[PDB]
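Participant: Sharing an experimental structure here, sequence included.
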Amino acid sequence: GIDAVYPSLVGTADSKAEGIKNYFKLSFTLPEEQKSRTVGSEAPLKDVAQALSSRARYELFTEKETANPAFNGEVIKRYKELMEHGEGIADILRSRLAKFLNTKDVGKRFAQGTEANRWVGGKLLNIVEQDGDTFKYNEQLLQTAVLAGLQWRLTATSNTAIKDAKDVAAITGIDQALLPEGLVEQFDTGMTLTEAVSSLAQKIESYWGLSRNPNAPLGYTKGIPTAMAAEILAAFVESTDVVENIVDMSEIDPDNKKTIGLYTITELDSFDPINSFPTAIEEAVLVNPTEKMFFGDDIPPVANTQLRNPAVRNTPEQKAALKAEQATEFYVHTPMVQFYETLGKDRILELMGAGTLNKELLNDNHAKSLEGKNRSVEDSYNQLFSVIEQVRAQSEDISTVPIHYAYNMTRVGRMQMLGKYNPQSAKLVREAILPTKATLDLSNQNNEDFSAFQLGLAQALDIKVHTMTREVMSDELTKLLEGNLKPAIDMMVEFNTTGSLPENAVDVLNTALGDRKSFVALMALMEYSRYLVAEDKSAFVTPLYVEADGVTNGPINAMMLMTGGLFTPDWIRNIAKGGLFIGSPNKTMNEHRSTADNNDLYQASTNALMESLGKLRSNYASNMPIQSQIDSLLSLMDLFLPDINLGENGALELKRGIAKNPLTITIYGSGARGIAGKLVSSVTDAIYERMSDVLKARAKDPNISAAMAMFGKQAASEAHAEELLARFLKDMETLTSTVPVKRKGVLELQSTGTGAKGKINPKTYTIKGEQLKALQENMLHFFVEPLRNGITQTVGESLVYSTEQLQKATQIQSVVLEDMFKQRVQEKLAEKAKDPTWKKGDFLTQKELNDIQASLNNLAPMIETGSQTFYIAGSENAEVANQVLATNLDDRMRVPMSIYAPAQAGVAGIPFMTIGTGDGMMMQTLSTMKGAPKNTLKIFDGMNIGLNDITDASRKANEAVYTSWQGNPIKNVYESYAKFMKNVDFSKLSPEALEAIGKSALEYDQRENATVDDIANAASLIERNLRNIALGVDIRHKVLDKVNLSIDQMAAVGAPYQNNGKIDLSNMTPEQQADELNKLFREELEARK
DNA sequence: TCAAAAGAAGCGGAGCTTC
């Protein structure tokens, strides 16, 4: 079969033969059902080029009757030029093989018997054929691989993952808090070797259309395609389709020896016809294209497995979730597209980005951040227009072309729309392609329709819609439309009348919006002005939406899901700030915020921080030098952060804002040091920006006061702008030269001998490493520490205990799985080494890996809820194989061998379960529950709803929130950890893993003098802890369900979900409610007893 | 801290080494 297709390859397809053995045929086999239309073709480049030569030829080749209408003349012409370029890549490749065969007589040595086809750099020799006194590529495999390479070149960038700080830190080996400025931007805008080759390899093997033989070594099944990828990547470097950049980390940190390769794909012109249809190749080659747009009733198929987690199948309920979301039709809203278009890319960059930095006369570091904001917008813009260019071809009226999007479930159970730039992920696109729409009767402003319309406009305009009633927001929206926004409204009216914009459109918009500016705000100004000129106001069609938005969702979900003790009154008040109201029939978040408590969970945190902060000062009341450090750190923040306000007499006031991100990531398991670095970065980002202001201040006057140029705004006078300049230089002084150190459980100031000193240069200015670290330590001990205590005091110690036990449990388990998998890989390799057909370079077969994985089932690597499946340890590390998989023909581009294997979890257990059983389970529920809202856009912790169904959809959302609150993540972990605890043997563990386990289950002291039996007893103690917590959470949930509850967590609209609790707890203080709930609690315990 | 990983290259044909 396979030999009949490739009968001329070099070698014998028998692992037991003595001479050259051909590992291509030994590792692959023809599939049952055709996957690629090139297998069997003696020249895929020519055949595919012919197939692309005309719509008629295309249709026949793909055995389809009609072809994408986007496949017209211009596109056809661009694809002809691209095919000719494919021949260029092919020629480069053929020439590289020849050079490889000549150097060090590899070719001659290979023909004489040297098994060079097994070297990390010669696996491609498995696809060559004998030709005279040398070898040559098999044209079918080569060309097909080139076709794969062309598709990848056209759409790889758009499919890349977004790299945050964590990623960059892991890649570069530089602490996340110390990354220079545009470093993250530089690495997010390029691909690492692994990222490039991996996606390229996947594409190549896919186009080859064969199947992996389960009994073939991974070194070949994965190696041959990866080796082909490396060569194609090298070829693209030679052709300049791809730019390679070797980043030397020794400059950005003299101690780092890592030199990292970065790969960027030369972008095509935004107006290139290929963009209107960049999947023509993919769609001709693959019978089941996994890269295309979905129009009409061409619905996306349902992913069978969790994203990048083949070991986990999407449960039946999750599959139903995906199906519902993928069936939703999205539509282009022409007015917005025409607006973006009339404004133009350049002006949207000015308006929503940094618009033209050409005046490269602004702080060097600030300039790198501004450049990043521009990129995100620009790429976002071109991607939106490439999409409408294809849509446009589908029909005469682009507003009526239905659009479907593929989705998939992630590790933490979220339904992520696939693709970097889409409605779910890109704000710019979100306002252009919507699933929402409604026909409203706005003829009377007393109608409910108008009231929904106002809600939509107000929320888009940044009015805190969930903090007031419809009525009150109705007045606030009006005062704004007729106020600061009127000039922008009038302009939009003209735009929706003649199609033109003034020359000062950016200024009119920027001035009318102020900090309310955003893409959704542009939609609001657009929709209101459309309504104004509308002929028939009684039937206004708009995609404008209202989002049922979760209030402090993550922290509230955690409190609700993992608090496991008796009920507390602080807890009852605090949980009310998240939508759970006890004894208040039909109460809404709007009434709660305006009538009972105007402070949300972020504020409560900030207020607890302020108290814990004042407390810190007392413990050092006399220590003048410490008081001054705190005061200086507080002074620096007040100088640049809006959330801090030191006032005249010293009154310290804080906004809920400074606790937003920290409260959130502390729920995702973040450490204190990490939070501190985030805050520092905020400060520095603002300083760098103020440095640009100064530059721009003296360019506007060469004599402006240094102080006046930097604080002319914040100040009210001269000597005043001098007081601020005095605080700055002094704050940067004490903060970079002196840092707090915790000794004997007490704080002590220590000099760094690396303080900031010298004449400030507003353009070169930069807060370096040793100075960033200093700010970091001050921020850590004088702000974050008290903030962390405040957070804990707010969410509850009980919840913190649960997350600790959860982390510990999931960690310990991840360790064993990891150590065991690694060991059993070492045992098998130990056998293979005794086999004459095997070689040190080959790894194990997929079968041998599937067996090793199976040998771990009894350790319960999976966590089940009944509707969701989690595999916390799952990952793709290079640690298991610990070896190169393949290199290019120049002995470079050495790609490490990655294997799907369990790894240490760290704190990952927390985010996985809180997100998974929290917002993950909720949205899943919301899209599959009886009467599931239709035509919405779900973004994890919020849902966009068309103006016509905001009431019922919001209520269903709150109901979904309620059923997700019936979850018990700890219980699920208990179930898994308990099975694990009865099959694990801590003596089979290396001292390495045995030590990590001790860290989680044993208190620092007992670690050294700890036997296997010691950590086994402790680990066993953790089982009981979880068992107890799970039992508590379960009682609370049942008890809480017997009382009358009103839930409005997905606030905005004011449609709370009523649980019909029979027991009435109205007319009671939280204290009374706690005692009553505990009576039902103790009572329920007895029941079980 | 979750969402996905992750250094390059001589000599020799793996994996130690130096930057």
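Facilitator: Perfect, thanks for sending it. Numbering: from 1, shown residues only, chains lettered A, B, ... in the order given.

Participant: Run through who's touching stretch A:63-73.
Facilitator: Contact with stretch A:63-73 is made by A:55, A:58-59, A:276-277, A:280, A:283, A:389-390, A:393-394, as judged by CB atoms under 8 Å, 6 or more residues apart in numbering. Just so you know, the C-beta spots here come from the backbone N, C-alpha and C atoms, and that holds for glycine as well.

Participant: Same question for stretch A:976-990.
Facilitator: With CB under 8 Å, 6+ apart, stretch A:976-990 has contacts from A:809-810, A:813, A:815-816, A:819-820, A:823, A:858-860, A:862-864, A:994, A:997, A:1012, A:1015-1016, A:1019-1020, A:1022-1023, A:1026-1027.

Participant: Please type out the ChimeraX selection for whichever of these turn out to be buried.
Facilitator: Here is the ChimeraX command that picks out the buried ones among those, judged by 16 or more other CB atoms under 10 Å:
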select /A:809,810,813,815,816,819,820,859,860,862,863,994,997,1015,1016,1019,1022,1023,1026,1027
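
Participant: mind listing which of the contacts of stretch A:976-990 are in helices?
Facilitator: When DSSP state H is applied, those are split such that A:809-810, A:813, A:815-816, A:819-820, A:823, A:994, A:997, A:1012, A:1015-1016, A:1019-1020, A:1022-1023, A:1026-1027 fall in helices.

Participant: Which members of those additionally contact DNA strand B?
Facilitator: Counting by CB under 7 Å from any atom of the strand, nothing from the ones in helices among the contacts of stretch A:976-990 sits close to DNA strand B.

Participant: ok, back up a step: possible to save the contacts of stretch A:63-73 as TSV with distance to residue A:529?
Facilitator: Listed next are the contacts of stretch A:63-73 as TSV, based on distance: CB to CB, whole Å:
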residue	distance to residue A:529
A:55	41
A:58	44
A:59	45
A:276	30
A:277	34
A:280	40
A:283	40
A:389	26
A:390	29
A:393	30
A:394	28
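
Participant: Out of those, which is nearest to DNA strand B?
Facilitator: Set against DNA strand B, the nearest of the contacts of stretch A:63-73 by CB to the nearest atom of the strand is residue A:283 (21.0 Å).

Participant: Measure how buried residue A:655 is and give me the count.
Facilitator: Residue A:655: 15 surrounding residues under other CB atoms under 10 Å.

Participant: Which single residue in the stretch 451-600 of chain A comes nearest to DNA strand B?
Facilitator: Nearest residue of the stretch 451-600 of chain A to DNA strand B, counting by CB to the nearest atom of the strand: residue A:554, 9.0 Å away.

Participant: before we move on, what about chain A?
Facilitator: Distances between chain A and DNA strand B by CB to the nearest atom of the strand are smallest at residue A:261, namely 2.8 Å.

Participant: Now find how far off-centre whichever strand or helix holds that residue is within its chain.
Facilitator: Taking DSSP states H and E as the definition, residue A:261 sits inside strand A:259-265. Strand A:259-265 sits 21 Å away from the centroid of its parent chain (CA atoms, centre = their mean, to the nearest Å).

Participant: Can you name every helix or strand that that strand contacts?
Facilitator: Contacts defined by 3 or more CB pairs under 8 Å, 6 or more residues apart in numbering; DSSP states H and E place strand A:259-265 against helix A:139-159, strand A:191-192, helix A:193-207, strand A:242-248.

Participant: Show me the one of these that comes nearest residue A:216.
Facilitator: Of all the helices and strands packed on strand A:259-265, it is helix A:193-207 that lies closest to residue A:216, at 13.1 Å by CB to CB.

Participant: residues in contact with that closest one?
Facilitator: With CB under 8 Å, 6+ apart as the test, helix A:193-207 has contacts from A:35-36, A:38, A:144-145, A:147-149, A:151-152, A:156, A:159-161, A:222, A:225-226, A:228-230, A:232-233, A:242, A:261, A:263, A:285-286, A:290, A:893-896, A:898.
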